[PDB]
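Single chain ahead, written as structure tokens, the form deposited in one PDB entry.
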């Protein structure tokens, strides 16, 4: 069952909260600790009510005020909290597509881990907000089978979980076996349909059967955690069919491991999942990585940015 770490604050008063925030901002400087503790303990819907209340009481726009007063990764994190939950994934998608080049990592990550229902809603908001079709901007920025696989997934049309046709489980585990042995370089079209179109429970049975045929897990054969956009996507889909919290816990782990931090991914997964499954991601993190998410964040981040992330966690 999915559990998030941010819920609605009981006893919420949008007006009183807008006043605290005004007082924190107003005058020389800023009180970041006041902003930080309030906005991490109100849900996203309550933050939208605070923005509305701030504007009725003061005629000032709350988010421009926050962008004025805050700086750096803390500012980026607060701005991300303030994005309406329904617009945020579409916002991240638009910013990976836009401009020169493209950030394929955010593309793989959101399209492979969002459910068909989330994707239909995202496609809708993206159009409404940006005028173009998510699909046309994706096609405009990606090439090859990576492009094809993304479009397949963007159709939000996986089969229903019902007819476990074990003959087609058999059949599909064979195709993937043969494809794995050829390093996913030969019959792309066959396996893009299997990974994009089958039901989640069919593909779980297919992944079990693959292992019984080969002796190893299917991600062993696709395991190049770098280099090759299609392979990175195949890996994100296999991982998300098994468990979307486990896959998102893993991208968090790799955002902090080594020199530096991928603060954009750390902010994106912490914020986008705070009210969906961040608790499940936490449990998966500890289980698969033998460290709690809190402790890795704490050693990897500093200042008010750290304080706010630890309160979200």
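Positions refer to the first chain, counted from 1.
Not pictured, yet referred to below: the form deposited with a small molecule bound.
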Subject >> in the entry with it bound, the residue from 73, 204, 105, 123 that sits within 4.5 Å of the small molecule by heavy atoms >> reply: 204
Original post:
Considering 221, 232, 240, 147, which brings a non-hydrogen atom within 4.5 Å of the small molecule in the entry with it bound?
Top reply: 240
Original post:
Is there a non-hydrogen atom of residue 2 within 4.5 angstroms of a non-hydrogen atom of the small molecule in the entry with it bound?
Top reply: yes
Subject >> Close approach of residue 139 to the small molecule in the entry with it bound, 4.5 Å, heavy atom >> reply: no
**OP:** Give a yes/no on whether residue 268 approaches the small molecule to within 4.5 Å in the entry with it bound, heavy atoms considered.
**Re:** no
Original post:
Any chance residue 158 has a heavy atom within 4.5 Å of the small molecule in the entry with it bound?
Top reply: yes
Original post:
Pick from 131-139, 115-123, 224-232, 163-171: which stretch has a heavy atom within 4.5 Å of the small molecule in the entry with it bound?
Top reply: 115-123
